[PDB]
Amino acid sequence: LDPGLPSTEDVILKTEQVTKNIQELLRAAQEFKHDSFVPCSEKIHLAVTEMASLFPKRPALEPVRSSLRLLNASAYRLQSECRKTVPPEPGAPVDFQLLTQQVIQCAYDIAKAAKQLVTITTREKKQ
C-alpha cells in the first residue's frame, strides 16, 4: 500500500555492502575456506536486512514485493546452508563440494534479487 521508496543513494550504498560481502564469500569458496562461510553469511545477512529495511514493509509496486521476499528468502537459506559446514557430531563427514555449490547458488539469488531492486528503484526515481 505504501509506495514510498528509499533514496537512490541509499540503495546503491546498501547494494555495495551486499555485493562486497558476497564477493568475500566467493573468494573463500575458491579458496576452500569452508570455515569462513558461516561468518561471511552473517555479514551478508546483516547487509541484506539493512537493504530490505530501506523499503516499507508491505510496500506497493508488485515487483518490489516479489524481489524483497526472494532477497529475504535467499538470505535465510544462505545462513541455513552455511551452518551445515558444522557437522552434526564432531568429525562427522560433510559434502563440501555439494554444499559449496548450494552456498554459491544461494548467493547468486541474493545478487539477482538485489539487482532487481536496484533496477526498479533507480527507474521509478526519474518518472
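Numbering starts at 1 and runs along the sequence shown.
Averaged over CA atoms, B-factors in the entry run higher in 90-98 than in the other of 90-98 and 47-55. With 110-118 and 12-20 compared on mean CA B-factor from the PDB entry, the stretch scoring higher is 12-20. The PDB entry assigns residue 62 a C-alpha temperature factor belonging to the highest third of its chain's modelled residues. In this PDB entry, residue 36 carries a Cα temperature factor that places it within the highest third of its chain's modelled residues.
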